[PDB]
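One chain comes next, on its own, written as structure tokens: the form deposited in one PDB entry.
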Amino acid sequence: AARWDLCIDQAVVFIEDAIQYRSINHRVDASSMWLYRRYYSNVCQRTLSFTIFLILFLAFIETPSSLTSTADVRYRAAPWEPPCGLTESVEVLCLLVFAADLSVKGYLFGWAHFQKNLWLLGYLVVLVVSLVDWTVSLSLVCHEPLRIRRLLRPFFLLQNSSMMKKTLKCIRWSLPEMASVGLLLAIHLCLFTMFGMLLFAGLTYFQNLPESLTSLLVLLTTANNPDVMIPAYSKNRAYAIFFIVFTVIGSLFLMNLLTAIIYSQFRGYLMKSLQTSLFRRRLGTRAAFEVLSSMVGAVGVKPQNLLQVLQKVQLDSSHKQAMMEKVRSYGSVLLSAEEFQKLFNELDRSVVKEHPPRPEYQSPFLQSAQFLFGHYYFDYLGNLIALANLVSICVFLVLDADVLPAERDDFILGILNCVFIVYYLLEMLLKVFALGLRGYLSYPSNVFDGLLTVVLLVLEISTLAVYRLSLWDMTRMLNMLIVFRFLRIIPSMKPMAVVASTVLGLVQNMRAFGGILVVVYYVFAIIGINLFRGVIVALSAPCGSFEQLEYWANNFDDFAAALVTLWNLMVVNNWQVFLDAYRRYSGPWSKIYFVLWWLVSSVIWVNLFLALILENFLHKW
């Protein structure tokens, strides 16, 4: 009776964990299974993902106030200050649901399991530090300059992710080897600083210990290759050997050695991911069998017990009916153990359909339309005219570019876009009159084409509403959206399937890796804000300086301007210029910030990218 239905709840949650690749380490109770099924719903996990985005969105609208139009410092309508109410209200509202998340994760798990698992403990210490810092900054009227609780926000992203925790373990195992090459590189520098200072001080680059040390470090990433050697090379031809050897040993051996060291841990990444997925499903159904085999009882599981459990699970109805027919094909025989486990190998099949088309009333009208629809040249007529559209934009952009930027003719340009757009409407209306409103939605390219067509006629008819033949801005907007038609010529990839297959495989696997970049940007922005917030003031310079070039838009005055400035240091070109400017404005101890940013971003993460491309390329063969 009661233990009858109680075993049913242990049946349904063990099947559901066996599908979704979860573990079985939660305590089994009566209403906890009401909570377990509800906490893992679609609605609950999507609220938790939305609030994580919210606090990581919130730094755009904090007191540095990145709501302007230009980030340039020489002219900017600066202020938009929100008051002390709303931003600290939405800060504490997200802290409630994370506190609600921790409570139901610890209550549903073991209490002793809570004290052992390090991530739940770190989830707890971050919450109280964020709450103490909230009430302290609320006691004062917002006039605390630096907000330490803003740094702890990316731990909420790292907690609920299951792919970043794998990737952080792989870079933790690579760490004692990366410190050795980092040690060997620092030996390699300070040798050539001493060896350089004998040759050249006996150059504006070699006049001091920290100046020559900086000049070699920037050469190590090859940001000044010709410019650091041209005094010495103009004195003698033989001085080229000193700089050639330094970048061969430095940039070629030791930087590419860091890539091979990181890839040595990611070598079995996807295959060992699939193995622990299948291993968790093996003990999933086995514990489901073991509790169902001992419901009331030889050793077997009654199919009438199966009839109620496989209904209450949440699954695709394709695999659901296949389970249901296969147990109905079985008799009243008690199901064996090996036949129980191999029964759940229906979840490896995948079925792809699109839709069935629909007929008409009049028989010669329907048979002519559908048999010129099943043609394979109908889309090729669309592909031909779209290419004919694109060369027209091509020839007309280059013809008006060179001469007469003010007053161009643009007479035939209107008529060309008319005949193409009304061609685009008639084909998609003939498609839906040959497939159906359901028959047209089943293709993802047709959603892409059908949405793009109905937008362009709105743009065209609006130009046709005010002109007959804001002219230039509408034609520029109309020309821009015609260019996006070229993305529909792309997916006909017949001989180069190895490229499009991995690009899909890459973006399906950048939950972890895109997440790590977000963690690193968000930390280094807020550190960079509090150090260089008001350092650059713009009120006759050397010809290669920060001020001869107009690099004034690259500062750390807000969140949007920090991200682009950190981007331009990540692509390592011309970061000798930023090093000289931030020395001249904020003292020479700022170089430890940029060098540390150079090590995390360019060295570690862009090697981390190449290890993940290499793994996801070499897969299934």
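Whichever C-alpha set is largest while still superposing within 1.5 Å between the two forms counts as the rigid core. Residue positions are given as counts along the sequence shown, with the first one as 1.
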Counting only residues of the deposited sequence, how many between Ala406 and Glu407 have no atoms in the entry (none, 1 to 3, 4 to 9, 10 or more)?
none
Look at the stretch from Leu213 to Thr214 and count the residues of the deposited sequence that the entry does not model, then pick none, 1 to 3, 4 to 9, or 10 or more.
none
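Just so it is clear, the following notes concern the form deposited in another entry, a form of the same protein that is not shown.
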In a fit on the core, which one among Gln115, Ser492, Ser162, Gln311 has a Cα that moves 2 Å or more between this form and the one not shown?
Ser492
Comparing between this form and the one not shown on the rigid core, is the C-alpha shift at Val483 2 Å or larger?
yes
Rigid-core frame, C-alpha of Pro356, shift of 2 angstroms or more between this form and the one not shown:
yes
Align both forms on the core first, then report whether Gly514 has a C-alpha shift of 2 Å or more between this form and the one not shown.
no
Between the shown chain and the other structure, the Cα gap of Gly374 to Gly436 differs by 3 Å or more. Is it closer or farther in that other deposited form?
closer
Pairwise C-alpha change, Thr475 versus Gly382, in that other deposited form against this form - closer or farther, 3 angstroms or more:
closer
